[PDB]
Amino acid sequence: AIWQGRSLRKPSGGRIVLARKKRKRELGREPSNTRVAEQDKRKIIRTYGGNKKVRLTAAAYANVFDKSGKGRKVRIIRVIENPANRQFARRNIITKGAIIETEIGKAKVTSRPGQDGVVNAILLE
Amino acid sequence: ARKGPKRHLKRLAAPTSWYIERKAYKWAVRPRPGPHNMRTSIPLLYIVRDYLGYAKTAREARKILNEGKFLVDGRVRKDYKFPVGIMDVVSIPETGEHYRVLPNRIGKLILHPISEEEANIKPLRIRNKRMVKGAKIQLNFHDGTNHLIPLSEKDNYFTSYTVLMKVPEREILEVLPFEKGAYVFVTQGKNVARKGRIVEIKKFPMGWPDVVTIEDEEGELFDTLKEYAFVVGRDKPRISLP
Amino acid sequence: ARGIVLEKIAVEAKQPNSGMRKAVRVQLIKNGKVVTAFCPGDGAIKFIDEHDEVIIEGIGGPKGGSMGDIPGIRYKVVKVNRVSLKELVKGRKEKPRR
Amino acid sequence: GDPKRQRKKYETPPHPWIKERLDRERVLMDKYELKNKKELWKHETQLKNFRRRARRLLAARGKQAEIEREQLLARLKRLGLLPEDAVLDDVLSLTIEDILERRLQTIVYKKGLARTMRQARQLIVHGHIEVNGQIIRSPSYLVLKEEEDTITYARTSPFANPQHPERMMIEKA
RNA sequence: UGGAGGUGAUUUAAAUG
RNA sequence: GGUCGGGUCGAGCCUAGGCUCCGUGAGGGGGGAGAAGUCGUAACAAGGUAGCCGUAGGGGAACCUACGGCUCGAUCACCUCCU
RNA sequence: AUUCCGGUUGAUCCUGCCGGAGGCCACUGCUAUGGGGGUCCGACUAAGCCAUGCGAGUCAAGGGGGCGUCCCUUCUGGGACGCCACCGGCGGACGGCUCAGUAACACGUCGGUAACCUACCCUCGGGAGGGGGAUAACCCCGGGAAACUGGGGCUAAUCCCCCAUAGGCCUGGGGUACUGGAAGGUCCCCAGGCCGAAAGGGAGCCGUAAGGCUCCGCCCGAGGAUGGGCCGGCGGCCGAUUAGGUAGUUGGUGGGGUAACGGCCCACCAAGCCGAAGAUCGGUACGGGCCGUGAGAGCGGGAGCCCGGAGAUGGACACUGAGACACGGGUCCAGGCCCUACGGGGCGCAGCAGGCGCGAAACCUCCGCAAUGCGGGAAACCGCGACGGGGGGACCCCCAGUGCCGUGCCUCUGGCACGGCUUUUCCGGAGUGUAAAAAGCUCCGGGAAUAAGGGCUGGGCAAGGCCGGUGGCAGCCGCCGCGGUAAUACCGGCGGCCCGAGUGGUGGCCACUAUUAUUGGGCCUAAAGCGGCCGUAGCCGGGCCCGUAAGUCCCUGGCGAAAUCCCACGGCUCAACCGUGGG
Ligand SMILES: [Mg+2]
Ligand SMILES: [Mg+2]
Ligand SMILES: [Mg+2]
Ligand SMILES: [Mg+2]
Ligand SMILES: [Mg+2]
Ligand SMILES: [Mg+2]
Ligand SMILES: [Mg+2]
Ligand SMILES: [Mg+2]
Ligand SMILES: [Mg+2]
Ligand SMILES: [Mg+2]
Ligand SMILES: [Mg+2]
Ligand SMILES: [Mg+2]
Ligand SMILES: [Mg+2]
Ligand SMILES: [Mg+2]
Ligand SMILES: [Mg+2]
Ligand SMILES: [Mg+2]
Ligand SMILES: [Mg+2]
Ligand SMILES: [Mg+2]
Ligand SMILES: [Mg+2]
Ligand SMILES: [Mg+2]
Ligand SMILES: [Mg+2]
Ligand SMILES: [Mg+2]
Ligand SMILES: [Mg+2]
Ligand SMILES: [Mg+2]
Ligand SMILES: [Mg+2]
Ligand SMILES: [Mg+2]
Ligand SMILES: [Mg+2]
Ligand SMILES: [Mg+2]
Ligand SMILES: [Mg+2]
Ligand SMILES: [Mg+2]
Ligand SMILES: [Mg+2]
Ligand SMILES: [Mg+2]
Ligand SMILES: [Mg+2]
Ligand SMILES: [Mg+2]
Ligand SMILES: [Mg+2]
Ligand SMILES: [Mg+2]
């Protein structure tokens, strides 16, 4: 379905004719559009070589860090902005680099919730 | 290999360091993963059947192995696929003989007879060295094995040094540094199986490997890769070599 | 190649020779094309009949083509109903099914 | 690519009908009682190969060339084609007649074990001749100098009896 | 001895194997 | 695992548009062999009007004529330039 | 052998092409006694279609049962013993087959991963505490034409699920213990989170018992090994009667996704990227080691063996698993086909044999796991159309036979007559050989007995100026040329020549050919100097002095698998073939 193998175009602009079928080790997966919700929800993915990934689909809390090294677990109000996609903020989609507002103020997300399963942010002064 | 690991090996594609008749049969033994690498070792079946001649067929070689008659580095080995490599000791106690595995002047593996006393020690070149949990040091040797030392000893071991180890107890008894005036034995390359003393060491930028100049007994100087030079003594050999 | 005989013909030799060279028109099995083939030997044309199958091969002239006083013919008959024509012309063997 | 194909050990003439070559080869065939042309051609090729190695070694220099140079001389004197003090230039004066004189057929006839070349061939093929204790049935086998004098009747042969009727007729010659 | 150029002229008809 | 909503990906299928290819094809056109049914004699000797190139017009057919060019043109007389 | 010979004229010298003479490959006419060795035999057309049998299993020392023979007692039983299936574990992703697609990071070669995954194996450091659960087998009842498949009862595990601990991953703040050329890596201390182990199981003895003493095992962490993924530089076809091409296209910023880097995919911002040193498009084709030929420079090919790639009727797409989008496993569409009680259900030999079709073009529906190896098992072992052994075949190469000797006669090469000899080969036996057979090899008895063809005969080109037929008819002819009633050339007889278990025909590549020319060709009259000139890129460029060290030369480290080639020595009787060393 989602193939991540190679481009069908040469850098000169010419076309490429595929010489083999798609291999299983080349496939992607659906993106996790991590939403703000009242409750948390995550799932576990079995991956190449029999490994695991923790995929967060709905987030209600965040771990917020200061410049002094102290962290606090607080709840997420909403997404103020997200430079990754022009309409993520309207839909409350959380990714790395998004600006979120919490009970203790705005913060910038430093984690990849689709890969790690948690939301970590640095508190903005 | 279209979809999975290879498990077979044709005779014509066997490693060049084995003493084997390459056209007599279709198949060769595919060695099992283990201590050494493919270029520096040989399966034990060829030692029992082809080299020593204690068995004529594979079936009776396996019966000899399963009864526990062959020791490698002081430990019983029953797997006929077990890889036996450079500097190992092969022991037969029911006959009272011992050998060290060493490369030829042409790069082929041979058995060198040794004394019963010298059979208790194996020299191990230090391939890598790292920190490990609890802040201890792990030493990774050329035959793939490992050892632990306390943090207070960290200045007595570095890569390319050789450690003489008592087997099978695995107890250290001597450390031989890599420096000028040390005695070395070449294990790979064009100058394989030549031995001598270290004269100079040279280094280069961007990860190209370092090279050593060595003086032999008759007074000739030759170069090789540093990682091909295996320390065996201070100014005289500490093991018996041809 | 193998083919089926459609008719017998005769080709005049080129100047300054004189004589009639006996040949056949053959339709090839593999693609249906029709070609002319020479019948070598004295009296050889008498061993051929319409609807018979023949095996033909090159006549052997320069540049892989025709030869001698018969340009336009590029092939010659070698077998007739799976029997060697050379034998039939000499003897030693008989043409089957009458 | 293509795997190995086993190739002929002899070379054929570049033109089948040249009068002078035909006459020369007919004389050789009659004299040594060879069975066919290819047999003769085989020996010719052997000679050519020897010369081709000498021509290449004269114009060579280095360390492997010397080893090859002495190996060629040693092999040639082991077969009995050169004396013990020959040099490389002497390789270029060898003739086809030198090689044919080393055939087991010829040597059996030269020693006086048969009366004719044809009889020597039949004695070899039927198994009446031993070479250094071994029975060999190939008349074209080239005899080494070290074993030339240990060539006799087989110890199980009818001819190994000085009273055999056919042996007495051979001895009368 | 032998050569290279220029300008003038050319008195009917006459096919074929 | 069934039923419904939404998103998204997708072989196949249908219609139309444009190119491309094979198969037959009334009729038209030169090319090559054959051997002579026919009309003439254009090219070779000054071939009976020297031959040939470019362009243009004309004629059953080879061909003819006009302007400019070449010698890969015979004969005699005179003149010029050389060895 | 670093080669020539015939053909344009009444006769001559040239240019130039055609033919002859050599090697190798595929089909094929006629004809054939023996052995040995080898990497030979449905590749060319149809990656067309396939009846039947076989090509992947194994573990009883993981677990409850069924049944049988026996021992102690037995109302009942406990034991031991031996088969059966089921649950459970590992393997089935290798090996085998073919060359359709592909002009591409597919392949060769040198490097990189500090940007990654890895069941089985090796070393070292640690761990195995507490709970629960169903279900096959088995018994009751069944459905369906079949393929298949339903309900109730009962049961175990090294089966499955929870709790704890160990452990793992992400982010923020400090410290500097390690490797390395260089730390987004390793190690230590605080802090917020999320994920989250295990079978002390099995077998045998010393055990009165208690408990040891071995063997095979279970889980986590660090490193290696093995098998792979990804990336870069460089190298190897034809076409201009294809000149402009590209618009996720090229780069940037912010994310997602992946085992992992990446326009791999998105959102936003720019106008980039390739091209006459040939882009793009079209044609043909799996790449290499190697193979054919030639004095060499070169030219041509790349089925068979080894290494890499791809595919399983065509086109799409998933489940399990360490590894697959899986040839003898699953789904949809398309196209054929088989069985139906008509409701339904199944199958694609480019595995080994075997059949049909296509064609000029290719074998037995055999025997064995004894050897070499692979999977499983603690082991003894078991399975394997891989592999090994034979059967068929003018596949390639090596070594032989179809008689020998003496004395006479002839036309004296050779044939015939006498006298004698031999047994490779042939016929019948014993031994050895073999998994069993067969071949082969050593011996014994019989006996010259059982064994020669194909092409050519005017010149090139070795070999008849003889005889009988035919009469520009029939026929021959690579080329030049013969045949028109007195043919050395057609048909036949007798002679002769070449090669010989082979010898001729047809098609292809190299040579011939200095008719593709770097070595090494031509252009006044023979094919060929643009009608003339100016100039862009490219190629080619005057003398001296100083510097550099890219080209270039010399020395030395790491590489370019094996097989294939050359040499000596050694093992099969020698050889072909095979081994050990040098190149
Ligand atoms: Mg490095
Ligand atoms: Mg190939
Ligand atoms: Mg005229
Ligand atoms: Mg006129
Ligand atoms: Mg005129
Ligand atoms: Mg006019
Ligand atoms: Mg002429
Ligand atoms: Mg030619
Ligand atoms: Mg086929
Ligand atoms: Mg399978
Ligand atoms: Mg496979
Ligand atoms: Mg293309
Ligand atoms: Mg590459
Ligand atoms: Mg390229
Ligand atoms: Mg847990
Ligand atoms: Mg990223
Ligand atoms: Mg193809
Ligand atoms: Mg190719
Ligand atoms: Mg094949
Ligand atoms: Mg098929
Ligand atoms: Mg064939
Ligand atoms: Mg078959
Ligand atoms: Mg095992
Ligand atoms: Mg002659
Ligand atoms: Mg002919
Ligand atoms: Mg006559
Ligand atoms: Mg005749
Ligand atoms: Mg020329
Ligand atoms: Mg000009
Ligand atoms: Mg100019
Ligand atoms: Mg200059
Ligand atoms: Mg340099
Ligand atoms: Mg090699
Ligand atoms: Mg021998
Ligand atoms: Mg030899
Ligand atoms: Mg060999």
Side-chain angles (χ1 to χ4, degrees), chain A residues 1 4 7 9 11-14 17 19-20 24-25 28-29 31 47-51 54 63 65 68-73 83-86 95-97 110-111 114 116-118 120 122, chain B residues 3-8 10 12-13 16 21-23 25-27 29 32-35 37 57 66 128-132 135 138 140 144-148 151 205-207 211 223-225, chain C residues 1-2 18-19 30 42 57-58 60-62 67-68 84 86, chain D residues 1-6 14-17 19 22 36-37 64 67-68 71 75 115 118-119 122 125-127 134-138 141 165-166 169:
Chain A
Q4 296 178 348
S7 175
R9 211 67 90 89
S12 68
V17 182
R20 65 170 184 186
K24 185 178 184 147
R25 60 173 177 257
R29 297 192 187 93
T47 69
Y48 190 68
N51 289 107
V54 182
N63 310 313
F65 294 94
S68 182
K70 54 176 58 177
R72 293 176 265 181
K73 172 184 166 184
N85 190 274
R86 196 183 47 183
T95 67
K96 183 173 188 292
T110 58
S111 60
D116 316 331
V118 288
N120 297 321
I122 55 184
Chain B
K3 323 287 177 181
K6 290 200 297 195
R7 334 277 318 175
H8 294 72
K10 305 279 222 296
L12 286 173
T16 186
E21 297 188 15
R22 291 181 175 269
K23 300 226 213 180
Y25 299 95
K26 179 64 143 193
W27 296 112
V29 171
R32 190 102 59 195
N37 57 52
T57 68
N66 281 316
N128 207 319
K129 164 190 176 191
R130 54 178 22 87
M131 287 281 308
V132 90
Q138 191 179 58
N140 319 122
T145 58
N146 298 305
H147 200 252
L148 278 189
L151 194 55
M206 285 301 291
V211 182
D223 291 352
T224 189
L225 297 189
Chain C
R2 183 174 297 160
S18 281
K30 66 203 304 178
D42 200 340
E57 78 185 352
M67 63 79 55
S84 165
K86 194 159 171 175
Chain D
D2 295 290
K4 173 190 176 175
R5 316 169 177 177
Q6 291 184 29
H15 191 302
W17 316 298
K19 170 163 170 167
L22 287 186
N36 48 37
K37 293 317 266 283
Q64 182 73 25
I67 292 168
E68 293 203 19
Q71 280 173 341
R75 182 61 181 177
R115 282 184 65 115
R118 297 192 188 174
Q119 193 181 47
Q122 180 167 81
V125 166
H126 281 197
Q134 159 75 56
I135 293 180
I136 284 165
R137 308 208 212 115
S138 291
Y141 170 82
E166 194 67 48
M169 177 59 72

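In what follows, chains carry the letters A, B, and so on, assigned in the order in which the sequence lines appear, proteins first and then strands, with residues in each chain numbered from 1. We use all heavy atoms of the structure for the numbers below, so side chains are in, but hydrogens, waters and symmetry mates are not.
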OP1 or OP2 of [N] sitting under 4.0 Å from any side-chain N/O of [X]?
X	N	value
B/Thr57	G/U372	no
A/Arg25	G/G323	no
B/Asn146	G/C122	no
A/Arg20	G/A310	yes
B/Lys6	G/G308	yes

NA contact type, [X], heavy-atom cut-off 4.0 Å: base, sugar-phosphate, or nothing?
X	result
A/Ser12	base
A/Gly97	sugar-phosphate
A/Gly69	base

Complementary nucleotide of [N], counting Watson-Crick and G-U pairs under 3.5 Å:
N	result
G/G579	G/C569
G/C349	none
F/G57	F/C64

Round to a whole Å and report the spacing from [atom1] of [X] to [atom2] of [N].
X	N	atom1	atom2	result
A/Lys24	G/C117	NZ	P	19 Å
B/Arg32	G/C120	CZ	P	12 Å
B/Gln138	G/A177	CD	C1'	15 Å

May I ask whether [N] and [M] qualify as a Watson-Crick or G-U wobble pair, both distances being under 3.5 Å?
N	M	value
G/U423	G/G272	no
F/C70	F/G51	yes
G/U12	G/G543	no
G/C482	G/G520	no

Near-parallel close stack of B/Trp27 and G/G373 base (under 5.5 Å, under 30°) =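 Not stacked: fails the 5.5 Å / 30° test.
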
Polar pair under 3.5 Å, donor/acceptor by atom type, side chain C/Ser84, base G/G29 =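 No, no donor-acceptor pair under 3.5 Å.
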
Distance between the P atoms of G/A310 and G/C231, in whole angstroms?
->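 Those two atoms are separated by 14 Å.
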
Does a side-chain heavy-atom distance below 4.5 Å link A/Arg29 with A/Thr47?
->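 A side-chain contact under 4.5 Å exists here.
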
Would you call G/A276 syn or anti, using the 90° rule around 0?
->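 For G/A276, whose glycosidic angle is within 90° of 0, the conformation is syn.
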
Syn-anti status, with the boundary at 90° from 0, for the nucleotide G/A549 =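 Base orientation relative to the sugar is anti.
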
Does G/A56 have its sugar in the north or the south range once you look at the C1'-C2'-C3'-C4' torsion?
->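 Pucker flag: south.
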
5' priority, RNA chain G, between A/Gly117 and A/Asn85 [closest heavy atom] =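 Its nearest nucleotide lies further toward 5', so the answer is A/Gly117.
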
